[PDB]
Amino acid sequence: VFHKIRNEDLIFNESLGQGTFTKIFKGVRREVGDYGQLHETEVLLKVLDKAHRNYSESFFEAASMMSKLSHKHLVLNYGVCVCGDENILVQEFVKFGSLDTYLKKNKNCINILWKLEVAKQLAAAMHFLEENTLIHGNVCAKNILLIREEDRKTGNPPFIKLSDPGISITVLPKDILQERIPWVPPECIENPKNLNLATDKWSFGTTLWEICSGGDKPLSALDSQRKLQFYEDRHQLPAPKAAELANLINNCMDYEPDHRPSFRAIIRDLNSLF
Ligand SMILES: Nc1ncnc2c1ncn2[C@@H]1O[C@H](COP(=O)(O)OP(=O)(O)OP(=O)(O)O)[C@@H](O)[C@H]1O
Ligand SMILES: [Mg+2]
């Protein structure tokens, strides 16, 4: 179970926007750390909407199972604050924020080598999850957080972490799921209980498309009815103009879940490039 954090030890500062039934804030946590030393630590506070408190079990279940695993490319959760009427996840604050935002802001400056490094790191994280038979269920560029920027001067690559899953697609309303096409795979639109390890291979493909597409969101021009028909017609996403990962994207986004490559195979493919 999660460490319980007192509301009195948390200060809410600026809003970072809204997620799926959540409000996100930057905050400060006062804590006693190692050696009895007092700290004030920057934290990310995820607040489940009061109106959607029926989703709290899924909201926290997500975080919990993954926080039972420690991995360098997985975001650290510090604990929960369940004081009063609020349900709050207290998470590590990742300095450079979401990859999708970063891709759009720095697109002129991002090259294939940076992209490959980030893809490899994401694949490493997903391989670890696969090995542990843990389904993430919401792999996407917004849910990849940049801990550190590339520094050519020192040969340091960028470094990312994958955030928590959030409320499971197995409990979310149909209209939200449809809006999340083409991250949610076709079999999960058919039946959200089809959530499986193969789910994350599909979403990984979509995420690679994002990584190659400068922060663009695939199929954003299609309304929900048209996104449904896209899957009914068995279309694939267009190749990004920077096409180096296009074959890998299509191999991951295979309409037959059984044919989607293992993360081991994905990593081998990535290692074979530039
Ligand atoms: N750990 C973090 N550190 C720094 N910024 C973060 C962190 N997590 C989220 N953010 C910022 O908060 C914004 C909202 O995040 P996001 O949309 O993932 O919310 P969510 O509650 O996780 O919803 P979903 O389940 O849809 O992902 C993001 O764009 C991101 O920049
Ligand atoms: Mg998120």
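Whatever order the structure lists them in is the order used to number ligands and atoms, beginning at 1. Count residues from 1 along the sequence. Just the heavy atoms: all of them, side chains too, but no hydrogens, waters or symmetry mates, feed the values below.
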Any idea which atoms of ligand 1 are less than 4.0 Å away from a heavy-atom of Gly19? 17 (O), 19 (O), 20 (P), 21 (O), 23 (O)
Heavy-atom proximity to atom 5 (N) of ligand 1 ranks first, among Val43, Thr22, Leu44, for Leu44
Please determine whether the number of non-hydrogen atoms from other residues, nucleotides or ligands lying under 6.0 Å from atom CG of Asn13 exceeds 12. yes
Basic-acidic side-chain contact under 4.0 Å: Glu179, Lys217: no
Is there an N/O/S atom in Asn138 at a distance below 2.8 Å from the Mg ion (ligand 2)? no
So does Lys201 pair up with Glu130, basic N to acidic O under 4.0 Å? yes
Is it the side chain, the backbone, both or neither of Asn138 that has a heavy atom closer than 4.0 Å to ligand 1? side chain
Going by the closest heavy atom to atom 26 (O) of ligand 1, which one wins out of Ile144, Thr20, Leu48? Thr20
Run the numbers for me: atoms of ligand 1, each under 4.0 Å from some heavy atom of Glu92, listed by number. 1 (N), 2 (C), 3 (N)
Over 60° means perpendicular and under 30° means parallel, so classify the ring planes of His235 and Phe230, tilted if in between. tilted
What part of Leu145, side chain, backbone, both or neither, has a heavy atom within less than 4.0 angstrom of ligand 1? side chain
Looking at ligand 1, does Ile24 have a heavy atom less than 4.0 Å from it? yes
Looking only at distance, does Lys46 have an N or O less than 3.5 Å from an N or O of ligand 1? yes
Side chains of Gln91 and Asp164: donor-acceptor distance under 3.5 Å anywhere? yes
N/O separation below 3.5 Å, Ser98 to ligand 1: yes
In terms of the angle between their ring planes, are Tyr55 and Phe21 parallel, tilted or perpendicular, with boundaries placed at 30° and 60°? parallel
Within the structure, is a non-hydrogen atom of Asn143 found at a distance of less than 4.0 Å from ligand 1? yes
Ignoring hydrogens and geometry, is there a side-chain-to-backbone donor-acceptor pair from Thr22 to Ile24 under 3.5 Å? no
Stacked cation flag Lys26 on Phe93, 6.0 angstrom / 45 deg: yes
